[PDB]
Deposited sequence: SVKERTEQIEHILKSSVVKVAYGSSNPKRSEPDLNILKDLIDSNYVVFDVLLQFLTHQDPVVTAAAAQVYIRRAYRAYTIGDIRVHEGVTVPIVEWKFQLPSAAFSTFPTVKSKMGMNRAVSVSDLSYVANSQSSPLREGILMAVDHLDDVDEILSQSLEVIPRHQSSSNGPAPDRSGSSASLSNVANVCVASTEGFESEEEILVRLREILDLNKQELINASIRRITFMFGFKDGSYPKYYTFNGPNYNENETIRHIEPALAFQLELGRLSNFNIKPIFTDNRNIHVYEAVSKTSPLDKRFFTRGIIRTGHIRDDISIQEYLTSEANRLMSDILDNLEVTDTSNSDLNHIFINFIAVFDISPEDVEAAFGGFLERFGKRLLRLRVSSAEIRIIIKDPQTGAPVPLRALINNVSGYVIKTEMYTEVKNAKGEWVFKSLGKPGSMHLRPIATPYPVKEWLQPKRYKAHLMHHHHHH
């Protein structure tokens, strides 16, 4: 598939550009047909693993249809405006304008910086720039910013040949930052992101640095900031969070300490399952349960290497991003006995509960419907799985809605931060 989709894309991009029949030559600078690109933007399969390489595609005319797809699919939670394909000193530059609505996503003025609050009255621009190699950046960046804390810059980087440790790429990027610092600031760039594509099907890496001192935002290291909501970080707001980096980049583990009570330590792992290919043979239900399983294995191994000293209510959050043909009952099926298979490992590790998020193609409407399975180890006697949908309530906030008989969180708002151990308060 990684081959097939890598090719599948090429045809879709160039087919968006091409406007004319054989022999007559096509227009030098022409807009791409969004009806034709739409089926690549609104796709349930992964796209970002295979797409970045086409931003430094040879031709500058698909490069721009590549850009749009990226922007238009990263900013699925935003109200996107219009996009201009500019032309820099060297490589092209793409500018999109955008703004965020008030129920954009499950846990509700920006997605990645939850402290960016604005009134009922706010103006937000973004740059996309492709580069070929990290050395290219410094020259490109300053000129690029000129098309002018509220803006956003995403920089793609087609190669890092001649680099070894991340950490040496990190302080390269820090150099590049601290040399353009005041110039980034003048473009009111709130958050800039370097995104390194790949070819064998690995998911891009992401580095993001914020604010006036462009220090790295560790908490959203390998996720496009626009989609960081898939991590649902807001729900950790009663804890001082800190990442623990891992070799699996679909996995974001965080040490949490209740601000209120330094003795309430936990680890929240939040894994993400994008999907690029399902096998013909197997059921959907069968697919959900292997990767869930896989992911929980990879997850458990990291905790069984990390120092989980006085942790207690350790928590796992698996997030599927695709849409699936399956049924709520079949979904619930798949996670029957899900943890039990891990009982001794979850026991030794103090993992008390796990939450899965799946989306279901509605049989009739064909529209996507979000489920949560909340599995709770507590009351150790048995494991209860409570199944919800997500619904907008009276107030306008997304909310759990049980599938059967009311559950623990039957109409709680999905954004509810995990409660703290209060009895540990002085």
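- Taking the first deposited residue as 1, the stretches without any C-alpha atom are 109-120, 135-136, 163-182, 461-474.
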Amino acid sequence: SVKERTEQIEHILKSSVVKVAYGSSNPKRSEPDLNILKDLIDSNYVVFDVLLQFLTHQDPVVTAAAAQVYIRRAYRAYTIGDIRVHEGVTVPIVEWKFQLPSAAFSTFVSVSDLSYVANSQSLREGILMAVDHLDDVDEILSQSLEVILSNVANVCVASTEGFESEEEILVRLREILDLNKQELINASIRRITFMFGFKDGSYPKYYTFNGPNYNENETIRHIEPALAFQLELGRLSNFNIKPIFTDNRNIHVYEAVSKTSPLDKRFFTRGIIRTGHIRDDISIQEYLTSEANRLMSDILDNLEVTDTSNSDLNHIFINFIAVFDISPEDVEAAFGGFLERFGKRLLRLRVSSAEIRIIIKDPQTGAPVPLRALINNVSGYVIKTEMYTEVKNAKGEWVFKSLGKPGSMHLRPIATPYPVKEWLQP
From here on, numbers count along this sequence of modelled residues.
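- Note on 263-271 vs 84-92: mean CA B-factor is higher in 84-92.
- When the two stretches 138-146 and 252-260 are set side by side, the higher mean Cα temperature factor goes to 138-146.
- Highest C-alpha temperature factor among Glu355, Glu232, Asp280, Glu224, as the PDB entry reports it: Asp280.
- Per the deposited record, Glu166 carries the highest C-alpha B-factor of all listed residues (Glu218, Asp312, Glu166, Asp298).
- Per the PDB record, residue ranking by Cα B-factor puts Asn393 in the middle third of the chain.
- Sort the modelled residues of the chain by CA B factor and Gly407 lands in the middle third.
- Residue-level temperature factors show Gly337 in the middle third of its chain, judged at the C-alpha atom.
- In the deposited entry, the Cα temperature factor of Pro32 sits in the top third of values across the chain's modelled residues.
- Per the PDB record, residue ranking by Cα B-factor puts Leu40 in the highest third of the chain.
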